[PDB]
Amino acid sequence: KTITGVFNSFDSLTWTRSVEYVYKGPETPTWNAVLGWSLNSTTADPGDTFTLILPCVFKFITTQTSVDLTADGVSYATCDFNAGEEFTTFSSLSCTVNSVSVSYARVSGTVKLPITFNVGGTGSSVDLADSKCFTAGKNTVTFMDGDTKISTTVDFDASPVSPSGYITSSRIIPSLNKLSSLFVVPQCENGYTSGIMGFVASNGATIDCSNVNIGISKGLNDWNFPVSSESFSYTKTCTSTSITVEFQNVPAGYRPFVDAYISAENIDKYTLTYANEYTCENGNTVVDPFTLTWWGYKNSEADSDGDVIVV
């Protein structure tokens, strides 16, 4: 049977500052959620299942496929990771109660979950919906186990990047071994007469034209991500090495953007060249191309006990 209410508290949510990562953004690795759980052997049997819901969580930052609910060296349950990614706005754990060698009436413990939150990234239905998940500063993060809501407070820093200029972002989608990559045109106060937005991939990256989004968004969220996407006047061309969108007559209040999936020979190293041309309405054409090299810190099934890599 499926049981609910196993997870019963949200104990802490804290961000781990590393060398690669600078500020406590919601999408920045790594957030650690400590959750409380309790099992009662009169209402839970070995093989029964239960799930934890993580609204607004893109993925788990781990090489493991599962995490156990353990206390004092005993594994009471095994919980498989199911990242939301671009498929659902939430991630989850699907858990199974384990048989144990002790007999308990009631047992309780905690589990630590390494996560990043989803506050936008692409024009997909998933990312647009999660773009409204949080605002800058203090938030309440709520997870659910059936009808049980468990929550805690956290403080999320806004992006340090100004929203006025061009915006770029890329994010690994672990289950696909792809990245999404986003470009938002610099802001024009009075709409745009015209523009060319997009990027050309090199250094072993190619563009996946079957997963692109082109839209105008009514402004950007606290992390510079599209919050809406409407159609508008543009033509596009997508090839294995470039996506190029030429647009016309976009109204004031809106930001054109373009995003695509990227297949990289090395998911941790690739280079994009961005065309970045735009002519604000009443104004003259700006041509400001630039190049970025994107660096990643994803690990291949590391883990962590008995698997090691030959040189």
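Note that residue numbering follows the sequence shown and begins at 1.
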Quick check: 156 to 164 versus 82 to 90, which has the larger average CA B-factor in the record?
156 to 164
So which stretch wins on mean C-alpha B-factor, 117 to 125 or 232 to 240?
232 to 240
For the listed residues 189, 145, 208, 130, which one has the largest C-alpha B-factor as given in the deposited model?
189
From the entry's CA B-factor values, the highest among 28, 63, 32, 38 is 63
For residue 218, the third of its chain into which the C-alpha B factor falls
middle
Lowest, middle or highest third: where is residue 109 by C-alpha B factor in its chain?
lowest
For residue 281, the third of its chain by CA B-factor is the highest
Sorting the chain's CA B-factors, does residue 269 end up in the lowest, middle or highest third?
highest
For the chain shown, is the CA B-factor of residue 171 in the lowest, middle or highest third of its modelled residues?
lowest
